[PDB]
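Student: dropping in the first section of the assembly, placed as in the complex:
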Amino acid sequence: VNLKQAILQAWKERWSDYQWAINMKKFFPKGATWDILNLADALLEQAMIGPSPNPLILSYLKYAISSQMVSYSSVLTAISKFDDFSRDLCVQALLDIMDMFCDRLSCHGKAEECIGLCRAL
Amino acid sequence: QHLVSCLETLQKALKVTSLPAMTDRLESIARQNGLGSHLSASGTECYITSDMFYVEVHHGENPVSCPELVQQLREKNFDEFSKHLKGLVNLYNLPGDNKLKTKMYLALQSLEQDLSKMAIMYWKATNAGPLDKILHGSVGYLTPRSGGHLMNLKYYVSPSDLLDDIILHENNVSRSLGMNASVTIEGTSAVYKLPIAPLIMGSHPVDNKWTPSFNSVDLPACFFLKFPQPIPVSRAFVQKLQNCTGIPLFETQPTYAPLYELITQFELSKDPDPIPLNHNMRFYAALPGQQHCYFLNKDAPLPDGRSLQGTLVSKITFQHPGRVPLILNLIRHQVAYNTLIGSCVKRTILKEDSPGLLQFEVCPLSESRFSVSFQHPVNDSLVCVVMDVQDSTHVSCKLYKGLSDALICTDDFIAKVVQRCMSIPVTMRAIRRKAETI
Amino acid sequence: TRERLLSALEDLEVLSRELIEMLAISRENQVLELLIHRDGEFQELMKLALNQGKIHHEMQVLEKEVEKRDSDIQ
């Protein structure tokens, strides 16, 4: 039902990232580009709770960036809302996630998405 | 001819009759362990090899009339006497030669005296109960060598196993009721200098002071701290331990795979069953309230980018006991972390479990730290409890939650419940129950 | 039962003799295990053997008594 319940219905039974993608599609008929439903926010919340991130939900977010499920803008905003900063491991994980899309930083959509990418940068 | 000789010990072992034939059963025990028997009168028979000569009525007096050996012989337990001889033979399997063997045994005697004194100093400084000495004391509960059995220092007594089916230790603490390590001399290819006389001639009243070496001699052996069951230890511990002693822990670099796999093997193999669990690192745990599934998550990258990797250690070699207090404190730490993560590993067959299956999981964030991640008990976001194993008996845990969430628990209440009984599959139950009660 | 005891006795004697003879020729766990198995059979039925005889003597006394009673009745 909620995205939080699905993401650990995905973490609980150990789902690989593509099986997570399929079952995430099946749980939600309207895709809504997954950014209306804030996939990046829920994945970052339930990944960056421990002193070190659990590699399962980070694998889910890295697949959801490398495959184009989630736009770069929602990821950059959800990265921006983290701070805390006392944990170096979560910060290094966020910088590897930024190392994925940075430089390409390409939006192929409406101009409002490009303005959102500007504000997100 | 030699096979017929071994043949007769076997049929003489099943022979069981009166006292005359029981003395021939003692003769059978001798040739069973390849020992030589000389008997003076019916009353005294001596089995003699090297310095391992004992009489049931080299370089040392007969030490003691061990009640242990006397009780077994007086009662009908010739098998127990046979085990005791086996222990004596293994202790003196020492290669060396002759005069060297006598000196090497003398060095072991000095180490034993020093370790015993160090334990006595702790008891004088604090009148601690046996449990405190085992969990947090210099050296450990130490039983002096009796017959074949060598000195045993009890490094740690897990809270779950102190309780059996609420045991109070008293001074009657069982030899195997906990984790135990044995101190012994063993021959090595390399040559080392060891104390040949008690080195605690002068003891500072707090802690201990050791008079410097040379007395000593370069015998080709080192003191050892053999562990009866090999303890899985992580690469980081090897560096932390080396920093003190310096002696290479693993010398010839062998194999080094994920630590969580080795922890599972140690826990699963404590009780042996014919069917391999085939866990796939998804152990299922059943508890009085609720059902839980824990994924151990080995292969999660540490900050360095390498998964926690470690190799089973059976023997740790230390020249003098000076570095021993430091080495034990690091081990204590590695053992405690293994026990908390070990408590989860279980051989159950939770198949098609619709209710509960409140699955929990475990990622290696860093050496000495791990994160158990679970869905929030009342709300929906993922929540977790870390447990850095800072020391053998001390774990510090932080339950970070989202900005909008329901106060899951108070870190102190969980601690009180865990210390009462223990086990970490158990800690997750307390976190869920406390949150639900509120 | 008598047959079983006699068979156990014969097996024990032959196998013990064979093992001892092989030791003598030199200067046998199969034989050993066989020995202990039939030794247990003989020993467990030797307590029985002794009591059986006492019981048989008692039975003979009872039989004599019954016979007398009948003959008297007749």
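Tutor: On my side now, so go ahead. Numbering: from 1, shown residues only, chains lettered A, B, ... in the order given.

Student: hey, let's count contacts and neighbours off CA atoms from now on
Tutor: Fine.

Student: distance between the ends of stretch B:205-225?
Tutor: End-to-end span of stretch B:205-225 (C-alpha to C-alpha, to the nearest Å): 26 Å.

Student: show residues contacting it.
Tutor: B:96, B:100, B:104, B:108, B:118, B:121-122, B:125, B:181-197, B:199-203, B:315-320, B:322 (C-alpha atoms under 8 Å, 6 or more residues apart in numbering or on different chains).

Student: list the buried residues for it?
Tutor: Neighbour counts over stretch B:205-225 (16 or more other C-alpha atoms under 10 Å in any protein chain shown) mark B:210, B:216, B:217, B:219, B:220, B:221, B:222, B:223, B:224, B:225 as buried.

Student: of these, closest to chain A?
Tutor: residue B:225 (34.6 Å; C-alpha to the nearest C-alpha).

Student: for that closest one, which non-adjacent residue is closest in space?
Tutor: Spatial nearest neighbour of residue B:225, chain neighbours left out: residue B:183 (4.7 Å); criterion: C-alpha to C-alpha, 6 or more residues apart in numbering or on different chains.

Student: identify the residues contacting the helix or strand containing residue B:4?
Tutor: If you go by DSSP states H and E, residue B:4 is part of helix B:2-14. Residues from elsewhere that reach helix B:2-14 (C-alpha under 8 Å, 6+ apart): B:24-25, B:28-29, B:31-32, C:22-23, C:26-29, C:32, C:36.

Student: C-alpha coordinates for it, CSV please?
Tutor: What follows is helix B:2-14, C-alpha atoms only, in CSV (Å, rounded to 0.1, in the frame of the first residue of the first chain):
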residue,chain,number,x,y,z
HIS,B,2,52.8,-55.4,16.7
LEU,B,3,49.3,-55.8,15.3
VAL,B,4,48.8,-58.9,17.6
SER,B,5,50.1,-56.8,20.5
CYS,B,6,47.5,-54.0,19.7
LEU,B,7,45.0,-56.9,19.1
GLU,B,8,45.4,-58.1,22.8
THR,B,9,44.8,-54.6,24.3
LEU,B,10,41.4,-54.6,22.5
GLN,B,11,40.2,-58.1,23.8
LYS,B,12,41.8,-57.2,27.3
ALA,B,13,39.7,-54.0,27.3
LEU,B,14,36.5,-55.9,26.9
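
Student: show me what contacts the residue lying closest to residue B:15 once chain neighbours are set aside?
Tutor: Nearest residue to residue B:15 in three dimensions, chain neighbours excluded: residue B:25, at 7.3 Å (C-alpha to C-alpha, 6+ apart). The contact partners of residue B:25, taken as C-alpha under 8 Å, 6+ apart, are B:12, B:13, B:15, B:16.

Student: okay, angle between the helix or strand residue B:25 falls within and helix B:2-14 too, please.
Tutor: Per DSSP H and E, residue B:25 falls inside helix B:19-32. Relative orientation of helix B:19-32 versus helix B:2-14 (axes from the mean of the first three to the mean of the last three C-alpha atoms, to 10 degrees): 140 degrees.

Student: next, the angle from the following helix or strand past helix B:19-32 to helix B:19-32.
Tutor: The helix or strand immediately downstream of helix B:19-32 is strand B:36-40, counting by DSSP H and E. Strand B:36-40 and helix B:19-32 are oriented at 150 degrees to each other (the same axes, to 10 degrees).

Student: let's add chain D too:
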Amino acid sequence: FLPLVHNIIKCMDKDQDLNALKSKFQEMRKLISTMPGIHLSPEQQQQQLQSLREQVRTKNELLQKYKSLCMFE
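Tutor: Okay, here's chain D dropped in alongside the others:
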């Protein structure tokens, strides 16, 4: 039986022929131990006892019945 066999084995370990002959005589004594009055199992031993007890009781009862039966007033 088993003690004698073990003593024969001990004699073989020490070495004699006389002792083996003694073991054969012990086997003859064993045949005597099979039949010095042996013939029955534990169950049979139980049935025979019950039957004998029942017979004594019935005979005593019949004799008492006619003990009371006083033909003369």
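
Student: same question on the nearest residue to residue B:15, but with chain D included?
Tutor: residue D:6 (6.6 Å).

Student: quick one: residues contacting the one you found.
Tutor: Counted by C-alpha under 8 Å, 6+ apart, residue D:6 has contacts B:12, B:15, C:16.

Student: tell me the buried residues in the helix or strand where the last one lies?
Tutor: Right, residue C:16. Element membership of residue C:16, judged by DSSP H and E, is helix C:2-26. Residues of helix C:2-26 classed as buried by neighbour count (16+ other C-alpha under 10 Å): C:2, C:5-6, C:8-9, C:11-13, C:15-17, C:19-21, C:23-24.

Student: report the distance from the helix or strand hosting residue A:74 to the chain centre.
Tutor: Element membership for residue A:74, per DSSP H and E: helix A:72-80. Helix A:72-80 sits 8 Å away from the centroid of its parent chain (C-alpha atoms, centre = their mean, to the nearest Å).

Student: can you get me a residue count around residue B:241?
Tutor: By other C-alpha atoms under 10 Å in any protein chain shown, 20 other residues sit near residue B:241.

Student: residue contacts, the closest residue to it other than its chain neighbours?
Tutor: In space, and not counting its chain neighbours, residue B:241 is closest to residue B:327: 5.8 Å by C-alpha to C-alpha, 6+ apart. Counting by C-alpha under 8 Å, 6+ apart, residue B:327 touches B:241, B:244, B:245.

Student: quick check: which element contains residue B:327?
Tutor: helix B:324-342.

Student: may I see the buried residues of that helix?
Tutor: Result for helix B:324-342 [16+ other C-alpha under 10 Å]: buried residues B:324, B:326-342.

Student: how far is the helix ranked longest in chain B from where the chain is centred?
Tutor: Taking DSSP state H as the criterion, chain B has its longest helix at helix B:99-125. Centroid displacement of helix B:99-125 relative to its chain, using C-alpha atoms, centre = their mean, is 20 Å.

Student: give me the buried positions along it.
Tutor: Neighbour-count burial for helix B:99-125 [16+ other C-alpha under 10 Å]: B:101-119, B:121-123.

Student: again, but for stretch B:373-384
Tutor: Under the neighbour-count rule (16+ other C-alpha under 10 Å), stretch B:373-384 has B:373, B:374, B:375, B:376, B:377, B:380, B:381, B:382, B:383, B:384 buried.

Student: and what of stretch B:418-435?
Tutor: Neighbour count says stretch B:418-435 has B:418, B:422-433, B:435 buried, by 16+ other C-alpha under 10 Å.

Student: that one and chain A, are they touching?
Tutor: No. Judged by C-alpha under 8 Å from any C-alpha of the partner chain, stretch B:418-435 stays clear of chain A, getting no closer than 14.5 Å.

Student: ok, residues contacting that stretch?
Tutor: For stretch B:418-435, the external contacting residues (C-alpha under 8 Å, 6+ apart) are B:159-160, B:163, B:285, B:287, B:289-290, B:339-341, B:343-344, B:377-378, B:407-409, B:414, B:417.

Student: sort out for me which of these are in strands.
Tutor: residue B:285 (DSSP state E).

Student: ChimeraX command for the buried members of the contacts of stretch B:418-435?
Tutor: The following ChimeraX line selects those of those that are buried, judged by 16+ other C-alpha under 10 Å:
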select /B:159,160,285,339,340,341,343,344,377,408,409,414
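
Student: thank you, goodbye.
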